[PDB]
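Asker: Next up is a structure, given as structure tokens.
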Amino acid sequence: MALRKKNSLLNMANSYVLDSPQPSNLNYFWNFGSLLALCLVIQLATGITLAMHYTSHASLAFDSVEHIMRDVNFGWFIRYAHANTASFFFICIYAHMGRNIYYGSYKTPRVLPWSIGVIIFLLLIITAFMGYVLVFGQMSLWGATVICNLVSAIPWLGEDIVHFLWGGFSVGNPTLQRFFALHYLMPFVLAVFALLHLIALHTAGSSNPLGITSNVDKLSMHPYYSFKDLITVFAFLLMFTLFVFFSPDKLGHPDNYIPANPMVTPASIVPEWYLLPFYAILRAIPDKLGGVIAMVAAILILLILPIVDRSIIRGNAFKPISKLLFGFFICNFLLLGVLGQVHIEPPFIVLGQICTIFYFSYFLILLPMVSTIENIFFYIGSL
Amino acid sequence: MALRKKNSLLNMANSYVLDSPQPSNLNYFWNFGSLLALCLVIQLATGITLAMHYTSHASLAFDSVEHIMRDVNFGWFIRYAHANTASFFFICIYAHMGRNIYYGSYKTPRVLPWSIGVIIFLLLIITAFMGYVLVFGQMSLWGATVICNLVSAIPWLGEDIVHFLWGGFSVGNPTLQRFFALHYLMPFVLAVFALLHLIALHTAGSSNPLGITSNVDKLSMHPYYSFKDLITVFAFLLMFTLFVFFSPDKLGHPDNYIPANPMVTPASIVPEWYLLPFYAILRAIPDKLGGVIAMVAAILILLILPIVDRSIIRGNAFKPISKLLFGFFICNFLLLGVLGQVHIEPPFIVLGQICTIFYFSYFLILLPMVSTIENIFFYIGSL
Amino acid sequence: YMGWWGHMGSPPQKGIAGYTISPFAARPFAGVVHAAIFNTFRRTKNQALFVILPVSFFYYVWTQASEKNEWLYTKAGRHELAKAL
Amino acid sequence: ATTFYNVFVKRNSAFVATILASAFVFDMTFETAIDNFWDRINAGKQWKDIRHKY
Amino acid sequence: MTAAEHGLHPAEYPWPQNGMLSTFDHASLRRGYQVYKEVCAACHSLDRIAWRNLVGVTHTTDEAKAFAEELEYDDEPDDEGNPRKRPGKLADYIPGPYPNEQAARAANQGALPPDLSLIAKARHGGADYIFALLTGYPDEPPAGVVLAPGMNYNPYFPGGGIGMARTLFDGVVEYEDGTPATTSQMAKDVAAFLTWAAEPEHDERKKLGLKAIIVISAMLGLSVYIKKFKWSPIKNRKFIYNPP
Amino acid sequence: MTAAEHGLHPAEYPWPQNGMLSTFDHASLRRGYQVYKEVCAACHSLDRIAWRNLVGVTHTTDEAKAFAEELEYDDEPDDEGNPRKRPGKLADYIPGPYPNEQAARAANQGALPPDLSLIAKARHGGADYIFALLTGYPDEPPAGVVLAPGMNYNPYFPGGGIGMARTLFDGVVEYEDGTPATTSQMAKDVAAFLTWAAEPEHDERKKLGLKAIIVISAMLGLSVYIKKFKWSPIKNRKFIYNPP
Ligand code: HEC
Ligand code: HEC
Ligand code: HEM
Ligand code: HEM
Ligand code: HEM
Ligand code: HEM
Ligand SMILES: CCCCCC[C@H]1C(=O)O[C@H](C)[C@H](NC(=O)c2cccc(NC=O)c2O)C(=O)O[C@@H](C)[C@@H]1OC(=O)CC(C)C
Ligand SMILES: O=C1C(O)=C([C@H]2CC[C@@H](c3ccc(Cl)cc3)CC2)C(=O)c2ccccc21
């Protein structure tokens, strides 16, 4: 028996990256999983490297980031790589969640990797945010204020929790140092959860774009998907290179190159491109608690897809009506993204509310209804 | 079938902490594994907490540790708990490696967990050391100088490596910030390796104090060893409490409460109690490269126990001669520890050399010889 | 639900003969021109409406909203803005 | 052509040695080639081009 | 918002550094430093730039040492522990006009002139915004604009009313290379210089990106050949089914 | 090493705080502060102690506010950005006698008087070392000792020659509680005060440790009962073997 199978440690690696039996027909949207793995590796490498140069003290943090840009050899690269990969991480993770929603990867028997995934998505948001704050530019400080005040929504104890998370009466040095600690930590927690959702997936194996069983026709993970994943690694690095080397600040907010001034917040508050959809959700709802609940619920509601999709068929390849509904849902999520960065003015206030209702009605109304009707259309239509 | 067995994630936990079949006769020396796990958990909790308060910049590091002691609520506890648990971690890890050497846990089929363990031991040394440096007291700065110069032993490139590790011409701010990054990181790497050596062990199962197979008589990890491990948890916490609350500085060096002054090295240089054995080894050897090699070899030589123990019998319970040899080896390792902290003076210079030779001769001469002779004595003696 | 090599959990297969040739024996880019043009056109045409319909609708909606917003903050749009607030 | 396969490709030791020696040559020549190219497209712009005045 | 509140968006000027393979024009950088030194440095600091940063960009080692050596910086105290000054060295930072924010505001009718080391990255538009702003003071404010006291009308600045007056006028600087110092020329030079200040790695970054684009393109092409090659057995697989 | 080179090891004095359940004597801390303030503060800083740290340890809020308010500390610059001083507040740190190391050395014939905030933790012996040192200057150096210039013989200090002269003499302080201010009394008080300075959490720490020792003892006792209880089926297991 082959060493790779005999030896307990190798056997675990083997089962994940070499002999792992995968469906033979996964398309390029199955490549985001490995890109997110690559982003996670880049982020750890550049992140730990920035941590060797960055100073968490509020009096020095912004300056240490300038020192990284200016004085550290290749510091510019490491910094921009870290910042840009955080954007690519979100492109890839929305792509990956997109793929999963379109192909019904959330349905049995994969509800567990899906649900662990939803937590990875929340942790990524908190990691990337905590990392945003470490620059301690204007947006950084204000972002900190808002995120740490989302717990004020929680009644009674809320206000005290806020002060406890700031370690002060305002965002200041204490907050910045604890964000550094946690921003360093959170990615390792995220890598644990990323691993766990794979372990949960390993019981069912990957879904495939047809949504049928692949038990009839499996391919070893290597060499087929190893070499397939290189294509996207290099395509990703091409896009990475164009941002990192040619336009490192395209995805950034100018205001973060202003040091944090707790006395003013910029007139143009617009968070990271990837938080924009939920930020528009938060703006839409005119209640404090309401706004917060809705924003969190916009992520947590993904947890109910396993229930509300009533289809007897896995995924959307074969469901014209569901594909159209999914197209409108995705475009609405992009519209929310767009509305996140306009000014809070007519007519976009009402529009943002309509998009927020449409976002939630996909999970609560439309998906359950459409999936029910298409079940019936398949049965009647094929008699 | 029970959920704990059905569900893939629970099944992995189950296999480690609940259904794991253990020999029924493990004695209290099998408890160090879980104490090291508890130390590792304490260190992560207190460590991440100190990281929320500590500032890695050399101009602020020592002062941030004083701020932790003085201003942070319970900062004194968190700091002393972190510092003292680092000492307890080494008591437990020497105890654990002691147990393994005495009961022949390094022999087949457990050479892999043993060898991974030897790497955990090296990582612990590097972790705890990098952690020592972060205080940036007098011993911290000198410690940093010494360890980064162990690479100066490596010829040619060696000296350039030293500069690269320091990020400067001397230990200074750059060094301290990079030690902070790596000291935060190293424990997570160490928890991976700790996990891996358990996964490697899970093929053979725990050894037992008789060194016979336990396949005949197994006991579930819980409740039996869970409750057995609580006794040592509470005994450990009693010892922890006596140090942390009553004598928090007994295990420390006063000189680390002097801020780092690169112009002067304390006349009384003596490292952490746990590095003392290898420090005495380094002092013993007069050559630069010799001294370094010997010191590293004192750890790496444990890797050859699987080869040089020629016994047909696993462990020392039944080998009077081996037990005596092991007693002298352990006492010699403690003598090296003691000689690590006397002044470099007659007659301890010669004594330290003799102890160093005895340390190595255990692995290279005595163990192979004694183990051979006892094989013969068992066979002849029982005929 | 999925096993491993040897016991993958396929319903028993019988009567399928599968043939392939060596990667070295095959032209990896055989018929690439045909595929790149005709096959991609086929696949694009078949999926086009699923992209075009929501993109065109939400681009229309955005366009209308952005044009109204622009107009409200002109001098001509003073009165309509005063009503909106 | 068989000969070239037999020498540089058949043994993996030889193939990897050839790839790393080619990477060495490529790395050195690519650096030099881009340096010259970069200087030609940004001619008269860079410090090396105005340095002579001082 | 109204156009006023946003500021007019600056024109996109064809800077030498726009373009994937284009460096800064270093001659322009040098000229722009001279504008900073002789106009802007009166009010604006450039705190993140050290003398050494000009070396081999705009100035030789010797010219930059000469600039540093003209200034006095805080030394370590003498042997009696009395404070001392020393002449500047290349590692010293270019010193600001004002000791603190309050002194800056006092000299500027309450307004604080920002540090310019990062201003090209800190404003939408970057170089174009700086050039548009410096050159964009109309002789007369558009009829109907009421400026707050000590504000000057500049359409590019959000709100329209900027605390910085027009400062570039034809021949306020005498360039050492004989270039006609027109308002536009000085604004272009100083805008370029400030953009360099914000992103000094720019030149290296784009060159390494060029090398990366080439290598990564080739690797992407090859990776696709290799993927297709390895996958061809699966793509080319054919089945014959005989129902049993 | 020679005894000389090590220093004589200090006697173990029975401090009030020695003993697992013993706090500092706060009356002694207060007296010791008065010794620090009137003798040691001439040369030694206590930089890590703020006025607020004395509050509810040695002094009331009001007394410590009075001590802070007597001093001037650097304020934020005024509105013209000119430097200002303010009266001290409780969050301010007790200020040092010297502006820097060099000024400290200048006043002390080259020797640097260390900061005393940590000195009780920074020397083997702690309180005992401070008490032994302050009281341990013999009238005459042991015959044969050659002191370096500006050194004083003190056996407790390693090397024997300390740059600090004897400073406590009967009645250099007049205690406000009427305690006779003998050399030994002042040394004990100031040693206690400095030990508090080094570890101000001492009192809380030992109290929580007492609670922890009690809880952890009980849990250890119970955990052993529970372990024995759960293991009793295995310990009590009996076998009957009938060879087949
Ligand atoms: C004597 C005063 C003074 C001079 C000379 C001066 N500035 Fe300013 N500048 C200011 C003040 C005050 C502001 C702040 C205006 C405000 O925020 O209202 C400012 C603002 C700016 C801003 C940013 C405006 C913004 O978007 O916040 C830039 C860019 C700028 N100056 C560049 C320059 C350049 C380039 C020069 C000369 C080449 C220059 N300044 C000369 C006083 C001056
Ligand atoms: C006018 C000077 C002066 C006065 C008054 C003074 N000291 Fe010192 N002290 C020094 C100098 C100088 C040293 C450094 C001696 C050396 O390192 O050679 C020193 C050293 C010490 C040391 C540590 C010696 C060591 O181990 O490094 C302690 C503790 C100390 N002083 C405490 C006190 C206390 C307590 C008082 C008064 C209650 C006091 N000093 C009064 C000048 C003074
Ligand atoms: C750090 C982030 C993540 C990484 C590195 C990661 C990685 C992967 C990988 C490698 C796979 C298997 C290959 C693939 O299908 O692409 C996978 C599958 C999956 N991931 Fe993720 N993932 C991450 C985040 C998420 C998130 C946020 C979700 C869900 C919200 C998710 C849900 C899933 C699901 C459901 C599958 C099974 C899909 C299937 O193969 O049909 N993952 N992931
Ligand atoms: C998922 C993994 C990670 C994500 C998504 C992430 C995201 C980010 C983001 C968005 C920033 C703001 C960057 C900027 O605009 O400058 C940042 C900064 C930072 N990150 Fe991370 N990060 C990750 C992992 C890590 C890790 C593992 C470390 C290890 C310490 C780290 C260290 C830092 C540091 C030191 C900064 C501040 C310096 C800077 O802004 O560049 N990051 N991170
Ligand atoms: C972070 C440090 C470590 C932790 C948390 C850890 C934990 C454990 C645990 C829980 C076990 C199983 C129960 C036990 O026998 O005590 C174990 C077994 C073992 N450990 Fe460790 N260990 C660590 C370090 C080491 C080191 C440094 C070595 C070897 C040099 C080592 C070698 C072994 C071996 C050989 C076994 C199998 C012994 C047997 O049960 O017979 N471990 N360890
Ligand atoms: C095996 C795990 C660890 C060991 C053995 C270890 C050991 C140590 C040691 C010996 C020190 C010197 C303590 C002192 O004398 O003050 C220290 C300091 C420190 N450790 Fe750790 N540590 C561990 C894990 C961690 C982790 C996970 C963090 C997370 C950041 C951390 C953060 C710190 C910090 C911030 C300091 C400096 C502040 C201080 O000295 O207390 N440690 N560590
Ligand atoms: C929770 C899911 C992840 C699985 C790992 C969790 C831990 C785990 O496996 O626990 C077990 C309880 C294990 N003890 C034993 O095997 C054991 C076996 C025989 C006898 C005794 N005692 C005798 O009287 C034992 O104590 C233990 O202490 O090992 C820790 C180190 C593990 O943590 C890790 O590796 C991760 C990290 C925290 C180090
Ligand atoms: O007002 C906001 C705001 O609302 C967010 C938002 C958007 C995304 C939110 C979020 C989305 C999803 C989850 Cl699961 C949790 C939080 C977090 C807060 C920001 O990031 C921000 C940054 C800088 C200045 C202001 C702001």
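Protein chains in written order, with the authors' numbering: chain N, 1 to 383; chain C, 1 to 383; chain S, 9 to 93; chain T, 4 to 57; chain O, 85 to 328; chain D, 85 to 328. The C-beta atom is built at its ideal place from N, Cα and C for all residues, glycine as well.
Taking the alpha-carbon of C:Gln341 as reference, which of C:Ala280, C:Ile231, C:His183, C:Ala294 has the nearest alpha-carbon?
Answerer: For C:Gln341, the nearest C-alpha among the options comes from C:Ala280.
Asker: Listed in chain order, which residues of the stretch 272-300 of chain D have Cβ atoms closer than 7 Å to some Cβ of chain C?
Answerer: Correct list: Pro284, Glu285, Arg289, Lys290, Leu292, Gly293, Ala296, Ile297, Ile300.
Asker: Assign N:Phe169 to one of three DSSP states: helix, strand, or coil.
Answerer: Coil at N:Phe169, not helix or strand.
Asker: Does the stretch 74-84 of chain N come close enough to the stretch 245-254 of chain N that 3 or more CB-CB pairs lie under 8 Å?
Answerer: With the cut-off at 8 Å, the stretch 245-254 of chain N and the stretch 74-84 of chain N touch.
Asker: Would you kindly check if the distance between the Cβ of C:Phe358 and the Cβ of C:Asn332 is under 8 Å?
Answerer: Yes.
Asker: Do D:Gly247 and D:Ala302 have their CB atoms nearer than 8 Å?
Answerer: Contact flag unset, no.
Asker: Mind reading off the beta-carbon distance from D:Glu164 to O:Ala187? Whole number of angstroms is fine, and I expect it under 8 Å.
Answerer: About 7 Å; that satisfies the 8 Å criterion.
Asker: Nearest to C:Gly211 by alpha carbon, out of C:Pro109, C:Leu325, C:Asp19?
Answerer: Nearest of C:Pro109, C:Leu325, C:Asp19 to C:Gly211, Cα basis: C:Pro109.
Asker: Could you check if N:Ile68 is buried or exposed, using at least 16 other CB atoms within 10 Å of its CB as the buried criterion?
Answerer: Looking at its Cβ environment, which holds 16 or more other Cβ atoms inside 10 Å, N:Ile68 is buried.
Asker: Can you pull the DSSP bridge partners for O:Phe323?
Answerer: S:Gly26.
Asker: Is there contact here, the stretch 172-188 of chain N with the stretch 52-61 of chain C, by at least three beta-carbon pairs under 8 Å?
Answerer: Contact holds: three or more Cβ-Cβ distances are below 8 Å.
Asker: So, are the CB atoms of N:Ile120 and N:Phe193 less than 8 Å apart?
Answerer: Yes, these two residues count as a Cβ contact at 8 Å.
Asker: Taking the DSSP output, what are the residues bridged to N:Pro347?
Answerer: Answer is none; N:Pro347 lacks a bridge partner.
Asker: Give me the chain N residues within the contact set of C:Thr85, using Cβ-Cβ distance strictly less than 8 Å, ordered along the chain.
Answerer: None at all; the shortest Cβ gap to chain N is about 18 Å.
Asker: Looking at C-beta atoms only, is the number of pairs between the stretch 28-41 of chain N and the stretch 130-146 of chain N that lie closer than 8 Å three or more?
Answerer: Too few Cβ pairs lie closer than 8 Å, so no.
Asker: Residue range of the alpha helix (DSSP H) that C:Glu374 falls in?
Answerer: Per DSSP, C:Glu374 belongs to the alpha helix (DSSP H) from 367-382.
Asker: Excluding the 5 residues flanking residue 329 of chain D on each side, which residues of the same chain have their C-beta closer than 8 Å to its C-beta?
Answerer: For residue 329 of chain D there is no data in the structure shown, the boundaries of chain D being 85 and 328.
Asker: Three-state secondary structure (DSSP) at D:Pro171?
Answerer: Strand, per DSSP.
Asker: Please say whether O:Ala204 and O:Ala281 have beta carbons closer to each other than 8 Å?
Answerer: Yes, the pair counts as a contact, with Cβ atoms nearer than the cut-off.
Asker: Looking at the unbroken beta strand (DSSP E) that takes in C:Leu219, where does it start and where does it end?
Answerer: Here the beta strand (DSSP E) through C:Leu219 covers 218-220.
Asker: With three or more beta-carbon pairs closer than 8 Å as the criterion, would you say the stretch 116-136 of chain O touches the stretch 199-215 of chain O?
Answerer: Verdict: yes, contact present.
Asker: Output the distance between the C-alpha atoms of residue 414 of chain C and C:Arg4, rounded to the nearest integer angstrom.
Answerer: What the structure shows of chain C is the stretch from 1 to 383, and residue 414 of chain C is not part of that stretch, so it cannot be assessed.
Asker: What residue does the alpha helix (DSSP H) around O:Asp158 start on, and which one ends it?
Answerer: Taken as a continuous stretch (DSSP letters only), O:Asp158 belongs to no alpha helix (DSSP H), being part of the beta strand (DSSP E) at 156-158.
Asker: Would you call O:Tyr309 buried or exposed, if buried means 16 or more other Cβ atoms sit within 10 Å of its Cβ?
Answerer: The residue in question, O:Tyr309, is exposed, as its Cβ has fewer than 16 Cβ neighbours within 10 Å.
Asker: If the cut is a Cβ gap below 8 Å, which residues of chain O does D:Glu164 touch?
Answerer: By Cβ distance, chain O contributes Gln186, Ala187, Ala190.
Asker: Looking at C-alpha atoms only, which residue of N:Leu238, N:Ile78, N:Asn215 is the closest neighbour of N:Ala45?
Answerer: If we check each option's Cα against that of N:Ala45, N:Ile78 comes out closest.
Asker: So the alpha helix (DSSP H) C:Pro248 belongs to, where does it begin and stop?
Answerer: Taken as a continuous stretch (DSSP letters only), C:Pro248 belongs to no alpha helix (DSSP H), as it is neither H nor E.
Asker: Please classify S:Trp13: does DSSP put it in a helix, a strand, or coil?
Answerer: In the structure shown, S:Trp13 sits in coil (DSSP, three-state: anything other than H, G, I, E or B).
Asker: Show which residues of chain T have a CB atom less than 9 Å away from the CB atom of O:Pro100.
Answerer: Per Cβ cutoff of 9 Å: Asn45, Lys48.
Asker: According to DSSP, simplified to helix, strand and coil, what is N:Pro21?
Answerer: Strand, per DSSP.
Asker: Do we get a CB-CB distance below 8 Å when we pair D:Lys311 with the residues of chain C?
Answerer: D:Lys311 counts as touching chain C.
Asker: Should the stretch 22-32 of chain S be called in touch with the stretch 339-356 of chain C, which here means at least 3 C-beta pairs below 8 Å?
Answerer: In short, these stretches do not touch, since the Cβ pair count stays below three.
Asker: Counting C-beta neighbours from all protein chains within 10 Å, is the total for O:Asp109 16 or more, i.e. buried, or is it exposed?
Answerer: So O:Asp109 counts as buried.
Asker: Which residue from C:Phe74, C:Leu190, C:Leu302, C:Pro306 puts its Cα closest to that of D:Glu283?
Answerer: Out of C:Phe74, C:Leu190, C:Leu302, C:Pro306, C:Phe74 has the C-alpha closest to the C-alpha of D:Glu283.
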